[PDB]
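Undergrad: Dropping a structure here in structure tokens format, bear with me for questions.
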């Protein structure tokens with residue numbers, strides 16, 4: 239982060255910092271703290287772990303009057319997939335959202351196995367739209383989240399009452415969820431442009447009727463709706 | 001005890017001591033079964049597949065607490081002489097009951 | 387303590403080791419040796435070792451290994467159905483993958499540590515065994531869509547030929563493998 | 387502290403006492419007294435006291451006590467199924483075991499320390515109550531074995547007689563016990 | 004829930020009970036599936052018998068209505084009262100009640116069976132055999148559907164136990180274990196401080 243700050247705020251670089259495993263850092267911190275007879279915290283981690291993590295995470299940002307930037311993507315492995323574990327819990331209290339990988343999606347052979355339902359970017363609303371990526375970005379993202387959540391909870395309902403009792407809309411949302419997981423989330427090693435990703439998102443949304451897209455205004459539906467997923 | 005079917009066979013049921021209706025279309029069959037179910041006292045009601053694939057799905061709103069009247073789909077008159085697949089019927093009944101639709 | 391992997395020692399070990407060979411007592415109870423649970427086991431070295439395999443045993447080998455792993459996964463995906471209903475209630479496509487999973491287990495995965503020739507297996511002999519198994523599976527999958535039912539396929543002598551591939555010596559294996567490939571090709575052509 | 391029986395004092399006492407009478411908060415909440423946790427309680431003096439019981443109470447008293455203990459163990463075993471599928475999903479024999487266990491708990495194990503009569507119980511009165519309960523259970527099992535519905539066995543007035551046998555004075559108890567035994571025989575004679 | 008060692012043991016016992024309940028429910032499901040697969044063969048045999056009866060009834064009806072005037076056969080049928088020929092008695096299947104149709108076959112109660120048509124009386128027996136096949140198929144099929152719904156309920160219970168109950172109990176067990184380990188660590192800290200104070204007093208002023 240010292241190198242990143244130097245580059246960004248003395249040479250106008252846009253720096254992306256990737257911290258490969260903060261879990262290992264927290265174990266090292268627990269070692270160092272417990273070596274000094276300190277009162278342990280929630281699971282033996284030092285009580286000042288929040289402050290120590292903050293002194294790392296808070297160094298990212300943008301400064302008024304300067305062109306550079308520092309962006310951080312910490313990566314941590316949640317022990318036993320418990321998010322209430324002190325490491326992810328304290329990280330979440332400091333960072334501006336989180337991206338959570340899904341073991342179920344990984345089990346189904348999807349890469350990268352990102353689960354959008356528990357994921358969130360707090361600063362997303364101020365960084366998308368006209369003049370930044372393109373106008374319909376926010377509405378498309380909201381509609382994707384709504385439709386995928388509906389597909390997921392309909393899928394959960396299916397396990398109880400069976401598939402034969404669902405309406406046409408629930409079946410369509412199941413198809414949308416399956417296609418979404420297979421094509422939007424599952425992308426392998428492809429380097430997709432934002433325009434390509436929006437194209438795929440709109441193709442997935444076209445599997446739903448126009449009247450189902452409550453999030454999206456009719457102008458963007460007129461502009462972009464009606465593209466077939468059959469195109470590669 | 002009732003069986004609803006085409007009039008040429010509705011005579012045989014009352015010829016056997018039972019009672020039967022002559023029906024010509026699916027809407028007539030649905031009206032007949034609601035107009036039979038609203039009143040109790042009938043042990044069995046039968047409708048063929050020709051004008052009703054699912055007799056229970058036509059009156060489930062009334063049988064769900066008082067399912068004493070038994071319902072059964074029967075073969076059509078042409079399909080009676082020419083026969084019909086019971087393996088397919090077995091698999092669809094498996095789909096309705098256990099749901100796997102996987103058997104041999 | 388009681389096989390509970392959640393122990394901090396096991397979590398610390400699995401974070402740094404590149405492979406995990408899950409030894410299972412249930413498999414040993416069924417007399418499946420080595421009792422290595424292929425469902426829970428993993429290896430992080432496959433991608434790095436792939437060029438060595440392509441250079442040294444076969445350029446096809448990684449694809450065959452992935453195909454065998456996929457067949458094992460498909461067999462594992464049918465366990466709850468086979469638990470609920472007998473294997474005879476399965477469709478011919480599902481019965482085929484069940485029988486091929488049985489073949490894979492009992493003729494490739496199982497290995498007799500006390501046998502005079504089966505205690506050791508080279509990479510090429512294993513590759514030939516997977517070749518035979520996958521060729522048989524493909525031929526049987528074609529025969530199924532040719533209207534051939536499962537139980538004539540299960541009676542073919544190629545079953546016993548593949549079952550005996552483990553116990554043939556290393557220097558005699560190439561001839562046995564080519565003969566087996568030829569007769570697996572032949573046995574399904576003559577089948578009705 | 388906090389009702390935690392794993393605390394050092396309780397565990398230390400557990401290692402030296404001959405009898406352990408564990409009290410249960412759940413029983414005390416529902417005003418079931420003396421609120422002894424039967425599952426968690428034990429006594430190491432039972433075998434050494436048997437000759438005295440035979441000489442002073444009855445020759446078959448240990449057998450009756452063991453029968454009551456076995457019935458309670460069977461009820462405890464069936465309660466695991468009951469909490470899973472409900473009491474109405476059991477068969478008639480298991481439901482009879484459940485109801486007899488309830489009878490034992492409410493009419494034998496329960497004792498009101500502030501009642502003018504139930505505060506003290508003699509050994510012979512307890513023996514008579516146990517004998518009545520066991521005779522009723524044997525007659526009920528015989529009747530159930532020949533198709534008699536359990537739902538009408540529970541409605542017999544002799545059930546209430548056994549339930550209220552607790553509040554019978556010591557000198558009036560033998561006549562009550564004789565009448566209750568006669569009624570136990572007669573009521574199950576009447577049920578076909 | 005208050006984290007205590009006794010409570011932790013209680014939760015672990017509950018987890019064991021839930022696992023045993025899952026196993027017991029799976030065995031019950033296996034028994035139900037065996038019964039269902041026997042009953043499906045019985046149902047297919049009943050359905051084939053119904054097909055045969057339908058053929059033998061309507062073939063006779065077609066011939067009789069052509070050899071003899073439809074009005075005569077209609078009047079002969081109208082002379083027979085539409086009586087209540089069958090009774091519904093609830094048979095018990097795996098703790099549930101299903102009605103079994105018991106046909107009285109009230110041949111003596113069918114007043115005025117005499118008729119001028121030559122083959123109507125045989126058609127009467129043929130159509131009564133048809134009704135008997137109907138009641139047989141209905142009797143088998145109601146039991147089949149009830150067994151199917153019992154299997155559905157058992158699978159629902161198994162899924163609920165495996166997805167909602169057991170993971171929840173496991174999470175509570177983990178939480179209680181974490182709290183107990185926290186308390187152990189605090190006790191160790193306190194004991195270390197006490198030992199330090201004892202050593203300080205002894206080594207500085209005895």
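Protein chains in written order, with PDB author numbering: chain E, 239 to 470; chain H, 1 to 104; chain B, 387 to 578; chain A, 387 to 578; chain G, 4 to 209. Every residue, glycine too, gets a C-beta built ideally from N, C-alpha and C.
Could you give the distance in angstroms between the alpha-carbon of residue 438 of chain E and the alpha-carbon of residue 448 of chain E?
TA: The straight-line gap from Cα to Cα measures roughly 17 Å.
Undergrad: Using beta carbons (cut-off 8 Å, strictly below), is residue 397 of chain E in contact with chain C?
TA: In the displayed structure, chain C is absent; the protein chains listed are E, H, B, A and G.
Undergrad: Where residue 447 of chain A and residue 465 of chain A are concerned, what is the direct C-alpha to C-alpha distance, given to the nearest angstrom?
TA: Their Cα atoms are separated by approximately 27 Å.
Undergrad: At the level of alpha carbons, what is the spacing between residue 497 of chain B and residue 407 of chain B?
TA: Going from the Cα of residue 497 of chain B to the Cα of residue 407 of chain B covers about 15 Å.
Undergrad: Kindly indicate which three-state DSSP category residue 375 of chain E falls into: helix, strand or coil?
TA: Helix, per DSSP.
Undergrad: What is the DSSP secondary structure of residue 391 of chain E, reduced to helix, strand or coil?
TA: Helix.
Undergrad: Whole angstroms are fine: how far does the CA of residue 412 of chain E sit from the CA of residue 48 of chain G?
TA: Distance between the alpha carbons of residue 48 of chain G and residue 412 of chain E is about 38 Å.
Undergrad: Please classify residue 273 of chain E: does DSSP put it in a helix, a strand, or coil?
TA: If DSSP states are grouped into helix, strand and coil, residue 273 of chain E belongs with coil.
Undergrad: Under 7 Å Cβ-Cβ, which residues of chain B neighbour residue 318 of chain E?
TA: Ordered by position in chain B, the residues that pass the 7 Å Cβ test against residue 318 of chain E are 392.
Undergrad: Answer with buried or exposed for residue 415 of chain B, where buried requires no fewer than 16 other C-beta atoms within 10 angstroms of its C-beta.
TA: Counting Cβ neighbours within 10 Å, residue 415 of chain B comes out exposed, since fewer than 16 surround it.
Undergrad: Out of E:392, E:418, E:465, state which residue places its alpha-carbon closest to the alpha-carbon of residue 406 of chain E.
TA: Among E:392, E:418, E:465, the Cα nearest to that of residue 406 of chain E belongs to E:392.
Undergrad: Using the C-alpha atoms, what's the distance from residue 358 of chain E back to residue 314 of chain E?
TA: The straight-line gap from Cα to Cα measures roughly 16 Å.
Undergrad: Flag this pair as yes or no: are the beta carbons of residue 36 of chain H and residue 144 of chain G separated by less than 8 Å?
TA: Contact: no.
Undergrad: What does residue 66 of chain G reach in chain H if we use C-beta pairs closer than 9 Å?
TA: The contacting residues do not exist; residue 66 of chain G stays about 12 Å from chain H at best.
Undergrad: Which residues in chain E sit within 9 Å of residue 397 of chain B, going by Cβ to Cβ distance?
TA: Under the 9 Å cutoff, chain E gives 317, 318.
Undergrad: Give the residues of chain H in contact with residue 476 of chain B, contact being defined as C-beta atoms less than 8 Å apart.
TA: Within chain H, the residues near residue 476 of chain B are 102, 104.
Undergrad: Alpha carbon to alpha carbon, what distance is there between residue 87 of chain H and residue 488 of chain B?
TA: Each residue's alpha carbon lies about 30 Å from the other.
Undergrad: Give me whichever residues DSSP pairs with residue 256 of chain E in a beta bridge.
TA: Answer by DSSP bridge pairing, in chain order: E:311.
Undergrad: Below 7 Å on C-beta distance, what does residue 167 of chain G contact in chain B?
TA: Correct list: empty, because the minimum Cβ distance to chain B is about 19 Å.
Undergrad: What's the gap between the Cα of residue 562 of chain B and the Cα of residue 554 of chain B?
TA: Roughly 8 Å between the two C-alpha positions.
Undergrad: Of all the residues that make up the stretch 462-489 of chain B, which are near chain G by a beta-carbon distance shorter than 7 Å?
TA: The stretch 462-489 of chain B vs chain G, Cβ under 7 Å: 470, 471.
Undergrad: Please report the straight-line C-alpha distance between residue 284 of chain E and residue 189 of chain G, rounded to a whole angstrom.
TA: Roughly 13 Å between the two C-alpha positions.
Undergrad: Output needed in chain order: residues of the stretch 415-427 of chain A with a Cβ under 9 Å from some Cβ in chain G.
TA: Those would be none; no residue qualifies.
Undergrad: Got a sec, what are the start and stop residues for the beta strand (DSSP E) residue 508 of chain B sits in?
TA: Where residue 508 of chain B is concerned, there is no enclosing beta strand (DSSP E), given that its DSSP letter is neither H nor E.
Undergrad: Could you name the residues that DSSP lists as bridge partners for residue 100 of chain G?
TA: Partner(s): G:95.
Undergrad: Could you tell me whether any non-hydrogen atom of the ligand MN is closer than 7 Å to the CB of residue 461 of chain B?
TA: The model on display carries no ligand, and the ligand MN is accordingly not part of it.
Undergrad: Can you tell me whether residue 541 of chain B is buried or exposed, with buried defined as 16 or more other CB within 10 angstroms of its CB?
TA: Counting Cβ neighbours within 10 Å, residue 541 of chain B comes out exposed, since fewer than 16 surround it.
Undergrad: Taking 8 Å as the threshold (C-beta atoms), are residue 56 of chain G and residue 133 of chain G in contact?
TA: Yes, Cβ-Cβ distance for residue 133 of chain G and residue 56 of chain G is below 8 Å.
Undergrad: My understanding is that residue 260 of chain E touches residue 332 of chain E, with C-beta atoms under 8 Å, so please give their C-beta distance in whole angstroms.
TA: No, residue 260 of chain E and residue 332 of chain E are not in contact; Cβ-Cβ is about 11 Å, not under 8 Å.
Undergrad: Exposed or buried, which one is residue 85 of chain H when buried takes at least 16 other CB atoms within 10 Å?
TA: So residue 85 of chain H counts as exposed.
Undergrad: Could you give the first and the last residue of the continuous alpha helix (DSSP H) run that contains residue 470 of chain B?
TA: Taken as a continuous stretch (DSSP letters only), the alpha helix (DSSP H) holding residue 470 of chain B covers 465-470.
Undergrad: As a quick exercise: from A:538, A:479, A:490, pick the residue whose alpha carbon is nearest that of residue 512 of chain A.
TA: It is A:490.
Undergrad: For residue 93 of chain G and residue 103 of chain G, I'd like the C-alpha separation in whole angstroms.
TA: Straight-line Cα distance between these residues: approximately 6 Å.
Undergrad: Going along chain G in order, which residues have a C-beta closer than 8 Å to the C-beta of residue 388 of chain A?
TA: What residue 388 of chain A touches in chain G: 5, 7.
Undergrad: Hey, is residue 15 of chain G's beta-carbon within less than 8 Å of any beta-carbon in chain E?
TA: False, the Cβ-Cβ gap to chain E never drops below 8 Å.
Undergrad: Assuming contact is defined by CB atoms lying nearer than 8 Å, are residue 18 of chain G and residue 176 of chain G in contact in what I supplied?
TA: A contact, by the Cβ cut-off of 8 Å.
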